[PDB]
Structure formats: C-alpha cells, structure tokens
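Source file: coords-v4.pdb; contents: PDB, C-alpha atoms.
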ATOM      1  CA  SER A   2      -5.128   4.084  16.654  1.00  0.00           C
ATOM      2  CA  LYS A   3      -2.075   6.254  17.618  1.00  0.00           C
ATOM      3  CA  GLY A   4      -0.306   3.458  15.857  1.00  0.00           C
ATOM      4  CA  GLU A   5      -2.504   4.382  12.845  1.00  0.00           C
ATOM      5  CA  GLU A   6      -0.746   7.790  12.747  1.00  0.00           C
ATOM      6  CA  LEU A   7       2.478   5.998  11.727  1.00  0.00           C
ATOM      7  CA  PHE A   8       0.841   4.921   8.479  1.00  0.00           C
ATOM      8  CA  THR A   9      -0.706   8.163   7.121  1.00  0.00           C
ATOM      9  CA  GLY A  10       1.912   8.585   4.428  1.00  0.00           C
ATOM     10  CA  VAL A  11       4.229   6.327   2.358  1.00  0.00           C
ATOM     11  CA  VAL A  12       6.350   4.135   4.559  1.00  0.00           C
ATOM     12  CA  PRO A  13       9.475   2.224   3.592  1.00  0.00           C
ATOM     13  CA  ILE A  14       9.313  -1.570   4.076  1.00  0.00           C
ATOM     14  CA  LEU A  15      12.086  -4.060   4.601  1.00  0.00           C
ATOM     15  CA  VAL A  16      11.419  -7.867   4.525  1.00  0.00           C
ATOM     16  CA  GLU A  17      13.866 -10.544   5.624  1.00  0.00           C
ATOM     17  CA  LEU A  18      13.057 -14.245   5.389  1.00  0.00           C
ATOM     18  CA  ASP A  19      15.118 -17.245   6.348  1.00  0.00           C
ATOM     19  CA  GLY A  20      13.797 -20.485   5.022  1.00  0.00           C
ATOM     20  CA  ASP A  21      14.301 -24.250   5.129  1.00  0.00           C
ATOM     21  CA  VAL A  22      11.965 -26.369   3.031  1.00  0.00           C
ATOM     22  CA  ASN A  23      12.777 -30.065   3.151  1.00  0.00           C
ATOM     23  CA  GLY A  24      16.465 -29.210   3.785  1.00  0.00           C
ATOM     24  CA  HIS A  25      16.635 -26.699   0.959  1.00  0.00           C
ATOM     25  CA  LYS A  26      17.793 -23.589   2.783  1.00  0.00           C
ATOM     26  CA  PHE A  27      17.353 -20.144   1.292  1.00  0.00           C
ATOM     27  CA  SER A  28      17.104 -16.490   2.145  1.00  0.00           C
ATOM     28  CA  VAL A  29      14.931 -13.781   0.738  1.00  0.00           C
ATOM     29  CA  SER A  30      15.076 -10.023   1.153  1.00  0.00           C
ATOM     30  CA  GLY A  31      12.499  -7.482   0.114  1.00  0.00           C
ATOM     31  CA  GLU A  32      12.344  -3.725  -0.168  1.00  0.00           C
ATOM     32  CA  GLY A  33       9.639  -1.330  -1.109  1.00  0.00           C
ATOM     33  CA  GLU A  34       7.014   0.988   0.119  1.00  0.00           C
ATOM     34  CA  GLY A  35       3.484   0.865   1.645  1.00  0.00           C
ATOM     35  CA  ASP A  36       0.710   3.425   1.409  1.00  0.00           C
ATOM     36  CA  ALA A  37      -1.993   2.258   3.797  1.00  0.00           C
ATOM     37  CA  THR A  38      -4.398   5.032   2.892  1.00  0.00           C
ATOM     38  CA  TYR A  39      -4.754   3.196  -0.448  1.00  0.00           C
ATOM     39  CA  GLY A  40      -4.014  -0.306   0.893  1.00  0.00           C
ATOM     40  CA  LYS A  41      -1.045  -0.321  -1.587  1.00  0.00           C
ATOM     41  CA  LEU A  42       2.157  -2.305  -1.392  1.00  0.00           C
ATOM     42  CA  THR A  43       4.996  -2.169  -3.975  1.00  0.00           C
ATOM     43  CA  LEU A  44       7.895  -4.478  -3.261  1.00  0.00           C
ATOM     44  CA  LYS A  45      10.748  -6.210  -4.885  1.00  0.00           C
ATOM     45  CA  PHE A  46      12.034  -9.466  -3.465  1.00  0.00           C
ATOM     46  CA  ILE A  47      15.356 -11.233  -4.123  1.00  0.00           C
ATOM     47  CA  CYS A  48      16.593 -14.676  -3.295  1.00  0.00           C
ATOM     48  CA  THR A  49      20.092 -13.900  -1.833  1.00  0.00           C
ATOM     49  CA  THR A  50      21.247 -17.477  -1.613  1.00  0.00           C
ATOM     50  CA  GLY A  51      20.898 -18.645  -5.270  1.00  0.00           C
ATOM     51  CA  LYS A  52      17.910 -20.276  -6.858  1.00  0.00           C
ATOM     52  CA  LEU A  53      14.698 -20.260  -4.920  1.00  0.00           C
ATOM     53  CA  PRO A  54      13.789 -23.930  -4.169  1.00  0.00           C
ATOM     54  CA  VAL A  55      10.020 -23.381  -3.926  1.00  0.00           C
ATOM     55  CA  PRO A  56       7.756 -21.329  -6.237  1.00  0.00           C
ATOM     56  CA  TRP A  57       7.520 -17.649  -5.569  1.00  0.00           C
ATOM     57  CA  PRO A  58       3.752 -17.800  -5.488  1.00  0.00           C
ATOM     58  CA  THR A  59       3.927 -20.103  -2.434  1.00  0.00           C
ATOM     59  CA  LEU A  60       5.842 -17.392  -0.505  1.00  0.00           C
ATOM     60  CA  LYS A  61       3.699 -14.428  -1.385  1.00  0.00           C
ATOM     61  CA  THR A  62       1.372 -14.666   1.639  1.00  0.00           C
ATOM     62  CA  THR A  63       4.326 -15.029   3.969  1.00  0.00           C
ATOM     63  CA  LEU A  64       6.252 -12.093   2.538  1.00  0.00           C
ATOM     64  CA  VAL A  68       2.597  -6.723   6.482  1.00  0.00           C
ATOM     65  CA  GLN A  69      -1.118  -6.557   6.892  1.00  0.00           C
ATOM     66  CA  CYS A  70      -0.652  -3.328   8.790  1.00  0.00           C
ATOM     67  CA  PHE A  71      -0.737  -1.713   5.283  1.00  0.00           C
ATOM     68  CA  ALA A  72      -4.370  -2.667   4.723  1.00  0.00           C
ATOM     69  CA  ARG A  73      -6.811   0.042   4.018  1.00  0.00           C
ATOM     70  CA  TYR A  74      -9.325   0.105   6.754  1.00  0.00           C
ATOM     71  CA  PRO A  75     -12.398   2.113   5.805  1.00  0.00           C
ATOM     72  CA  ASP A  76     -13.116   4.960   8.207  1.00  0.00           C
ATOM     73  CA  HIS A  77     -16.174   3.155   9.404  1.00  0.00           C
ATOM     74  CA  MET A  78     -14.026   0.119  10.291  1.00  0.00           C
ATOM     75  CA  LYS A  79     -11.112   1.912  11.893  1.00  0.00           C
ATOM     76  CA  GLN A  80     -11.822   0.482  15.401  1.00  0.00           C
ATOM     77  CA  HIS A  81     -11.164  -2.967  13.951  1.00  0.00           C
ATOM     78  CA  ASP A  82      -7.572  -2.433  12.813  1.00  0.00           C
ATOM     79  CA  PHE A  83      -5.534  -4.567  15.163  1.00  0.00           C
ATOM     80  CA  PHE A  84      -2.432  -4.402  13.016  1.00  0.00           C
ATOM     81  CA  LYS A  85      -1.748  -0.677  13.147  1.00  0.00           C
ATOM     82  CA  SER A  86      -2.915  -0.499  16.804  1.00  0.00           C
ATOM     83  CA  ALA A  87      -0.024  -2.731  17.838  1.00  0.00           C
ATOM     84  CA  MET A  88       2.549  -0.341  16.326  1.00  0.00           C
ATOM     85  CA  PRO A  89       5.235   0.731  16.754  1.00  0.00           C
ATOM     86  CA  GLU A  90       6.214  -2.136  19.064  1.00  0.00           C
ATOM     87  CA  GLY A  91       4.619  -4.457  16.611  1.00  0.00           C
ATOM     88  CA  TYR A  92       3.162  -7.953  16.495  1.00  0.00           C
ATOM     89  CA  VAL A  93       4.148 -11.539  15.960  1.00  0.00           C
ATOM     90  CA  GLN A  94       2.421 -13.326  13.100  1.00  0.00           C
ATOM     91  CA  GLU A  95       2.418 -17.079  12.944  1.00  0.00           C
ATOM     92  CA  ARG A  96       1.008 -19.278  10.329  1.00  0.00           C
ATOM     93  CA  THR A  97       0.630 -22.834   9.321  1.00  0.00           C
ATOM     94  CA  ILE A  98       0.110 -23.353   5.582  1.00  0.00           C
ATOM     95  CA  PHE A  99      -1.091 -26.778   4.549  1.00  0.00           C
ATOM     96  CA  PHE A 100      -0.575 -27.766   0.958  1.00  0.00           C
ATOM     97  CA  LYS A 101      -3.158 -30.350   0.271  1.00  0.00           C
ATOM     98  CA  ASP A 102      -1.659 -33.779  -0.455  1.00  0.00           C
ATOM     99  CA  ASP A 103       1.803 -32.331   0.153  1.00  0.00           C
ATOM    100  CA  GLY A 104       3.839 -30.547   2.854  1.00  0.00           C
ATOM    101  CA  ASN A 105       3.314 -27.666   5.191  1.00  0.00           C
ATOM    102  CA  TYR A 106       4.996 -24.386   5.983  1.00  0.00           C
ATOM    103  CA  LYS A 107       5.129 -23.055   9.522  1.00  0.00           C
ATOM    104  CA  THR A 108       6.107 -19.408   9.872  1.00  0.00           C
ATOM    105  CA  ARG A 109       6.917 -16.870  12.550  1.00  0.00           C
ATOM    106  CA  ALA A 110       7.229 -13.169  11.543  1.00  0.00           C
ATOM    107  CA  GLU A 111       7.943 -10.175  13.738  1.00  0.00           C
ATOM    108  CA  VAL A 112       6.396  -7.050  12.214  1.00  0.00           C
ATOM    109  CA  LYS A 113       7.530  -3.804  13.783  1.00  0.00           C
ATOM    110  CA  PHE A 114       9.078  -0.376  13.103  1.00  0.00           C
ATOM    111  CA  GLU A 115      12.820   0.078  13.113  1.00  0.00           C
ATOM    112  CA  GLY A 116      12.916   3.824  12.946  1.00  0.00           C
ATOM    113  CA  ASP A 117      10.871   4.982   9.967  1.00  0.00           C
ATOM    114  CA  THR A 118      11.104   1.535   8.283  1.00  0.00           C
ATOM    115  CA  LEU A 119       8.391  -1.140   8.790  1.00  0.00           C
ATOM    116  CA  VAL A 120      10.227  -4.409   9.061  1.00  0.00           C
ATOM    117  CA  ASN A 121       8.867  -7.958   8.516  1.00  0.00           C
ATOM    118  CA  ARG A 122      11.382 -10.471   9.839  1.00  0.00           C
ATOM    119  CA  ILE A 123      10.414 -14.041   9.070  1.00  0.00           C
ATOM    120  CA  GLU A 124      11.446 -17.634   9.843  1.00  0.00           C
ATOM    121  CA  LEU A 125       9.876 -20.344   7.618  1.00  0.00           C
ATOM    122  CA  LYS A 126      10.135 -24.104   8.058  1.00  0.00           C
ATOM    123  CA  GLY A 127       8.748 -26.544   5.452  1.00  0.00           C
ATOM    124  CA  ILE A 128       8.387 -30.209   6.138  1.00  0.00           C
ATOM    125  CA  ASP A 129       6.761 -33.307   4.582  1.00  0.00           C
ATOM    126  CA  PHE A 130       7.040 -32.113   1.000  1.00  0.00           C
ATOM    127  CA  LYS A 131       7.119 -34.438  -2.027  1.00  0.00           C
ATOM    128  CA  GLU A 132      10.294 -33.848  -4.110  1.00  0.00           C
ATOM    129  CA  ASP A 133       8.342 -34.000  -7.296  1.00  0.00           C
ATOM    130  CA  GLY A 134       5.102 -32.595  -5.999  1.00  0.00           C
ATOM    131  CA  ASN A 135       3.723 -29.281  -7.136  1.00  0.00           C
ATOM    132  CA  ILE A 136       5.877 -27.168  -4.800  1.00  0.00           C
ATOM    133  CA  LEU A 137       9.362 -28.744  -4.964  1.00  0.00           C
ATOM    134  CA  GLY A 138       8.819 -29.654  -8.649  1.00  0.00           C
ATOM    135  CA  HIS A 139       7.840 -26.033  -9.556  1.00  0.00           C
ATOM    136  CA  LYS A 140       4.594 -27.006 -11.325  1.00  0.00           C
ATOM    137  CA  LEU A 141       2.576 -23.900 -10.747  1.00  0.00           C
ATOM    138  CA  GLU A 142       1.052 -21.867 -13.504  1.00  0.00           C
ATOM    139  CA  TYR A 143       1.824 -19.175 -11.044  1.00  0.00           C
ATOM    140  CA  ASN A 144      -1.265 -16.906 -11.520  1.00  0.00           C
ATOM    141  CA  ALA A 145      -2.843 -13.667  -9.907  1.00  0.00           C
ATOM    142  CA  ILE A 146      -3.497 -14.501  -6.300  1.00  0.00           C
ATOM    143  CA  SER A 147      -6.595 -12.876  -4.700  1.00  0.00           C
ATOM    144  CA  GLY A 148      -8.922 -13.690  -1.936  1.00  0.00           C
ATOM    145  CA  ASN A 149     -10.390 -12.917   1.637  1.00  0.00           C
ATOM    146  CA  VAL A 150      -8.499 -13.207   4.892  1.00  0.00           C
ATOM    147  CA  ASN A 151     -11.177 -13.976   7.554  1.00  0.00           C
ATOM    148  CA  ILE A 152     -10.243 -12.268  10.841  1.00  0.00           C
ATOM    149  CA  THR A 153     -11.581 -12.966  14.336  1.00  0.00           C
ATOM    150  CA  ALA A 154     -10.601 -11.658  17.735  1.00  0.00           C
ATOM    151  CA  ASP A 155      -8.552 -13.845  20.046  1.00  0.00           C
ATOM    152  CA  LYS A 156      -9.183 -12.273  23.508  1.00  0.00           C
ATOM    153  CA  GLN A 157      -7.092 -14.691  25.548  1.00  0.00           C
ATOM    154  CA  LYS A 158      -4.004 -13.780  23.516  1.00  0.00           C
ATOM    155  CA  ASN A 159      -4.889 -10.129  23.135  1.00  0.00           C
ATOM    156  CA  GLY A 160      -4.740 -10.540  19.389  1.00  0.00           C
ATOM    157  CA  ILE A 161      -6.396 -12.069  16.343  1.00  0.00           C
ATOM    158  CA  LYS A 162      -6.748 -15.224  14.406  1.00  0.00           C
ATOM    159  CA  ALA A 163      -7.347 -15.576  10.711  1.00  0.00           C
ATOM    160  CA  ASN A 164      -7.964 -18.261   8.147  1.00  0.00           C
ATOM    161  CA  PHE A 165      -8.153 -18.471   4.394  1.00  0.00           C
ATOM    162  CA  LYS A 166      -7.504 -20.681   1.353  1.00  0.00           C
ATOM    163  CA  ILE A 167      -5.224 -20.029  -1.660  1.00  0.00           C
ATOM    164  CA  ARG A 168      -5.762 -22.085  -4.791  1.00  0.00           C
ATOM    165  CA  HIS A 169      -2.748 -22.298  -7.053  1.00  0.00           C
ATOM    166  CA  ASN A 170      -3.309 -23.406 -10.603  1.00  0.00           C
ATOM    167  CA  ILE A 171      -1.067 -26.291 -11.696  1.00  0.00           C
ATOM    168  CA  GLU A 172       0.354 -27.070 -15.145  1.00  0.00           C
ATOM    169  CA  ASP A 173      -1.705 -30.321 -15.390  1.00  0.00           C
ATOM    170  CA  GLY A 174      -4.954 -28.345 -15.065  1.00  0.00           C
ATOM    171  CA  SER A 175      -5.427 -29.256 -11.437  1.00  0.00           C
ATOM    172  CA  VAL A 176      -5.361 -26.816  -8.483  1.00  0.00           C
ATOM    173  CA  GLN A 177      -3.118 -26.949  -5.449  1.00  0.00           C
ATOM    174  CA  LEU A 178      -4.941 -25.901  -2.267  1.00  0.00           C
ATOM    175  CA  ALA A 179      -2.944 -24.061   0.405  1.00  0.00           C
ATOM    176  CA  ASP A 180      -4.930 -23.789   3.569  1.00  0.00           C
ATOM    177  CA  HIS A 181      -3.787 -20.912   5.841  1.00  0.00           C
ATOM    178  CA  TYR A 182      -4.234 -20.652   9.645  1.00  0.00           C
ATOM    179  CA  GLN A 183      -2.906 -17.512  11.241  1.00  0.00           C
ATOM    180  CA  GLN A 184      -2.502 -15.989  14.740  1.00  0.00           C
ATOM    181  CA  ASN A 185      -1.220 -12.525  15.630  1.00  0.00           C
ATOM    182  CA  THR A 186      -0.206 -11.331  19.066  1.00  0.00           C
ATOM    183  CA  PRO A 187       1.169  -7.950  20.045  1.00  0.00           C
ATOM    184  CA  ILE A 188       4.814  -7.579  21.043  1.00  0.00           C
ATOM    185  CA  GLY A 189       4.201  -4.633  23.406  1.00  0.00           C
ATOM    186  CA  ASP A 190       2.005  -4.239  26.403  1.00  0.00           C
ATOM    187  CA  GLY A 191      -0.207  -1.291  25.287  1.00  0.00           C
ATOM    188  CA  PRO A 192      -3.969  -1.928  24.600  1.00  0.00           C
ATOM    189  CA  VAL A 193      -4.770  -2.994  21.106  1.00  0.00           C
ATOM    190  CA  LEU A 194      -7.902  -2.934  18.977  1.00  0.00           C
ATOM    191  CA  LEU A 195      -9.739  -6.301  19.209  1.00  0.00           C
ATOM    192  CA  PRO A 196     -11.834  -6.427  16.053  1.00  0.00           C
ATOM    193  CA  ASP A 197     -15.249  -7.551  15.161  1.00  0.00           C
ATOM    194  CA  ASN A 198     -15.386 -10.406  12.631  1.00  0.00           C
ATOM    195  CA  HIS A 199     -14.384  -9.041   9.137  1.00  0.00           C
ATOM    196  CA  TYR A 200     -12.039  -9.856   6.253  1.00  0.00           C
ATOM    197  CA  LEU A 201      -9.231  -8.381   4.222  1.00  0.00           C
ATOM    198  CA  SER A 202      -9.722  -8.448   0.453  1.00  0.00           C
ATOM    199  CA  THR A 203      -6.268  -8.986  -1.004  1.00  0.00           C
ATOM    200  CA  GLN A 204      -5.034  -8.974  -4.552  1.00  0.00           C
ATOM    201  CA  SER A 205      -1.668  -8.894  -6.201  1.00  0.00           C
ATOM    202  CA  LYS A 206       0.211  -8.962  -9.407  1.00  0.00           C
ATOM    203  CA  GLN A 207       3.649 -10.558  -9.757  1.00  0.00           C
ATOM    204  CA  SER A 208       6.298  -9.351 -12.432  1.00  0.00           C
ATOM    205  CA  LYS A 209      10.066  -9.569 -13.198  1.00  0.00           C
ATOM    206  CA  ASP A 210      12.649  -6.798 -13.305  1.00  0.00           C
ATOM    207  CA  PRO A 211      14.181  -7.464 -16.705  1.00  0.00           C
ATOM    208  CA  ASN A 212      17.626  -6.233 -15.422  1.00  0.00           C
ATOM    209  CA  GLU A 213      17.667  -8.397 -12.295  1.00  0.00           C
ATOM    210  CA  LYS A 214      19.920 -11.447 -12.637  1.00  0.00           C
ATOM    211  CA  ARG A 215      19.106 -12.881  -9.254  1.00  0.00           C
ATOM    212  CA  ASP A 216      16.008 -14.967  -8.684  1.00  0.00           C
ATOM    213  CA  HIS A 217      13.336 -12.453  -7.737  1.00  0.00           C
ATOM    214  CA  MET A 218       9.794 -11.314  -7.609  1.00  0.00           C
ATOM    215  CA  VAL A 219       8.295  -7.849  -8.079  1.00  0.00           C
ATOM    216  CA  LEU A 220       4.957  -7.474  -6.365  1.00  0.00           C
ATOM    217  CA  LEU A 221       2.114  -4.933  -6.541  1.00  0.00           C
ATOM    218  CA  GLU A 222      -0.585  -5.626  -3.947  1.00  0.00           C
ATOM    219  CA  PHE A 223      -3.738  -4.019  -2.663  1.00  0.00           C
ATOM    220  CA  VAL A 224      -5.324  -4.935   0.700  1.00  0.00           C
ATOM    221  CA  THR A 225      -8.703  -3.593   1.905  1.00  0.00           C
ATOM    222  CA  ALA A 226     -10.705  -4.363   5.027  1.00  0.00           C
ATOM    223  CA  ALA A 227     -14.365  -5.166   4.348  1.00  0.00           C
ATOM    224  CA  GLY A 228     -17.394  -7.015   5.733  1.00  0.00           C
ATOM    225  CA  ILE A 229     -18.893  -4.577   8.097  1.00  0.00           C
ATOM    226  CA  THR A 230     -21.445  -2.247   6.606  1.00  0.00           C
ATOM    227  CA  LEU A 231     -21.897   1.564   6.701  1.00  0.00           C
TER     228      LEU A 231
END
Starting from the coordinates I provided, produce the structure as structure tokens.
Amino acid sequence: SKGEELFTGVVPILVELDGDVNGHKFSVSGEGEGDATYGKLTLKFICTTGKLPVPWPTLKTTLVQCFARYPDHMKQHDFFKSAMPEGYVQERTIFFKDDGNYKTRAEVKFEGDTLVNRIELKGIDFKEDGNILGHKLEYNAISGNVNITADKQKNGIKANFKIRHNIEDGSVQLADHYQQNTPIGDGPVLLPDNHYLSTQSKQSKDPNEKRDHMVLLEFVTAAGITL
C-alpha cells in the first residue's frame, strides 16, 4: 500500500537459489526486471554449479509474486507489495505425484533498489529414473491460477495450485503446490479476500549462453473479484 509505491516503475530483480535434490546439489542465479503495473517479469537464470540436475520447468514456480498486477479494484488485496520493503517469507511444498517432493523457503525483500528472492530448496524421495531426475519433460508453456486465502493467525496468506507437466511418453506429471507467506517486518499488511493470480510464462534459450540456463518471460495478474 505504501509498499505498492516501490513497484510503480521497472524494478531490478536478483534471484539466488541453493538446491539439493536427492543429493544432487546445485546453485542458480537469476537477474532481470519486473514491471508490476503490467504484471511483467523478464529474467534470465543460470546454473552456476554445472549441469542442472532437475528440469528447468520444475524450478520455474520457485524462481516474486510482488510483481503481480493487481487491478485497481483489487488493490486492497495485495499482500505481497504491502509487506515491502521488509519483505516476506514464502514457503512451499511441491508434491510430484508418484515421485518426490520439493520443500522451499524464500525470503523476498528489497536490498536497496533491487528486489531480491533468496531461496533454499530441498528435494527428497525422488526416483532416479522418474520424470524429474530422468529429465523426461516435454517442458511446455506453464500457465495456471494460484488460489490465495488469508491466514490471519500468521498475519499472511496461504495459496494452493496444481502444475501439470507434459511427459515424453504422453503422460502428465502433476506437481501439487502448497504455499504460505508471512511478513518479515512488523508493520500491518493487507489480508486479502479469496482471489487468484493468473500466471503464464514462456521459456527460451540465449543462443550465446554456454552455461545451463533459462530465459523467462512471465505475466502475473490478480483476478477473481469483480468490478
């Protein structure tokens, strides 16, 4: 709400992720820009440790919902920006049906003029030749609706949603997401009415980038409440 003032132009973004999936340890950095007025994210991500051991599409939801476009008429429901600049902690559990799970903790906050997403990710219980560790995705455009509810006792939000990844054998891999966000600071925040974020992206490669990487263009828009 005064936090929303921090987002009125184009903001630089830095992402840092440390991962361990089934003992396969990796790091990912990301840099780019967000333009919340348009719900627009443009980022490039690099694996800084070598080859990425999981598919990039399974990291996309982990790798800054403060850049959503909230319609004017829904501005009282933007928790994410209201927590800024001190920020929020985002935690998720991602269950890959018939396979392992990711558990994540991200701190999302300003460091000067840069919005930082600092993430820890732990994967356990994966099959070594399942769809994730065996890189069997027909990694495809990922879109869908993030269903948000208020969580009063934690002064934050919860959210849930499903991602369906298409697999080379014609099957789909379900990834069921459960999310909680809690402010880092003590200021009041906006506790929203039930709504969703409509999210879509497109993934590409930088033809000159030798390191394992993902370029991402994403649009995020709050919806569900009419007027």
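Here the question is which of A:111, A:103, A:124, A:132 gets nearest to residue 88 in chain A using only C-alpha atoms, and that residue is A:111.
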Given the choices A:148, A:54, A:10, A:191, which gets closest to residue 92 in chain A if the distance is worked out from all atoms listed in the file?
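Of the candidates, the smallest distance to residue 92 in chain A is held by A:191.
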Which residues, named as in the file, does the PyMOL selection byres ((chain A and resi 154) around 10) pick out? Answer as a ChimeraX atom specification.
/A:81,83,152-153,155-163,184-185,194-199
Proximity to residue 91 in chain A - best of A:186, A:164, A:23, A:135, all atoms listed in the file
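Distance minimum relative to residue 91 in chain A lands on A:186.
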Compile the contact shell of range 114-119 of chain A as a list in words: residues with an atom at most 6 Å away, counting only C-alpha atoms, same-chain residues fewer than 2 positions apart removed.
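Neighbouring residues, sequence-local ones excluded: residues 13, 14 and 89 of chain A.
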When the PyMOL selection byres ((chain A and resi 173) around 10) is applied to the structure above, which residues does it catch, written out as a ChimeraX atom specification?
/A:135,140-142,170-172,174-176
Write the residues of the selection above to a file with C-alpha atoms, as a short mmCIF file (atom, residue, chain, number, x, y, z; two decimals), keeping the file's coordinate frame.
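So the final result, stored in result.cif, reads:
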data_model
loop_
_atom_site.label_atom_id
_atom_site.label_comp_id
_atom_site.auth_asym_id
_atom_site.auth_seq_id
_atom_site.Cartn_x
_atom_site.Cartn_y
_atom_site.Cartn_z
CA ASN A 135 3.72 -29.28 -7.14
CA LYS A 140 4.59 -27.01 -11.32
CA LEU A 141 2.58 -23.90 -10.75
CA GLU A 142 1.05 -21.87 -13.50
CA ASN A 170 -3.31 -23.41 -10.60
CA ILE A 171 -1.07 -26.29 -11.70
CA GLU A 172 0.35 -27.07 -15.14
CA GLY A 174 -4.95 -28.34 -15.06
CA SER A 175 -5.43 -29.26 -11.44
CA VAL A 176 -5.36 -26.82 -8.48
#
Any chance you could work out the residue set of the PyMOL selection byres ((chain A and resi 51) around 8) here, as a ChimeraX atom specification?
/A:27,48-50,52-53,215-216
For the point (-6.4, -10.3, 1.7) in the file's frame, write as a tab-separated table (two decimals) with C-alpha atoms, keeping the file's coordinate frame all residues with an atom no more than 9 Å away, counting only C-alpha atoms.
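This went into out.tsv:
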chain	number	residue	atom	x	y	z
A	62	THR	CA	1.37	-14.67	1.64
A	69	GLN	CA	-1.12	-6.56	6.89
A	72	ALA	CA	-4.37	-2.67	4.72
A	147	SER	CA	-6.60	-12.88	-4.70
A	148	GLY	CA	-8.92	-13.69	-1.94
A	149	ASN	CA	-10.39	-12.92	1.64
A	150	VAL	CA	-8.50	-13.21	4.89
A	151	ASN	CA	-11.18	-13.98	7.55
A	165	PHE	CA	-8.15	-18.47	4.39
A	200	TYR	CA	-12.04	-9.86	6.25
A	201	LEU	CA	-9.23	-8.38	4.22
A	202	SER	CA	-9.72	-8.45	0.45
A	203	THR	CA	-6.27	-8.99	-1.00
A	204	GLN	CA	-5.03	-8.97	-4.55
A	223	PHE	CA	-3.74	-4.02	-2.66
A	224	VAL	CA	-5.32	-4.93	0.70
A	225	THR	CA	-8.70	-3.59	1.90
A	226	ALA	CA	-10.70	-4.36	5.03
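CA of residue 21 in chain A is found 11.5 Å from CA of residue 130 in chain A.
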Taking only C-alpha atoms into account, which of A:12, A:42, A:60, A:231 comes nearest residue 106 in chain A?
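Between A:12, A:42, A:60, A:231, the residue approaching residue 106 in chain A most closely is A:60.
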Rank A:214, A:96, A:139, A:85 by their smallest atom-to-atom distance to residue 123 in chain A, using all atoms listed in the file, and report the top residue only.
A:96
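Separating CA of residue 113 in chain A from CA of residue 7 in chain A is a distance of 11.2 Å.
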Measuring atom to atom with only C-alpha atoms, identify which of A:192, A:228, A:104, A:134 is nearest to residue 180 in chain A.
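Ranked by minimum distance to residue 180 in chain A, first place goes to A:104.
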Could you pull out every residue with an atom within 6 Å of (-5.4, -24.8, -4.0), file coordinates, counting all atoms listed in the file, and send them as a PyMOL selection string?
chain A and resi 167-169+176-179
Give the centre and edge lengths of an axis-aligned box, in Å to one decimal, that holds all listed atoms of range 193-209 of chain A with 5 Å on each side, as lines of an AutoDock Vina configuration file.
center_x = -2.7
center_y = -6.7
center_z = 4.0
size_x = 35.5
size_y = 17.6
size_z = 44.3
Using only C-alpha atoms, determine which residues lie at most 8 Å from residue 95 in chain A, disregarding the query and same-chain residues fewer than 6 positions distant; provide the list as a PyMOL selection string.
chain A and resi 107-110+183-185
Work out how far CA of residue 84 in chain A is from CA of residue 188 in chain A, in Å to one decimal.
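A separation of 11.3 Å between them.
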So that I can see what lies close to residue 210 in chain A, please list as a PyMOL selection string the residues with an atom at most 8 Å from it, counting all atoms listed in the file and leaving out residues fewer than 5 positions away in the same chain.
chain A and resi 217-219
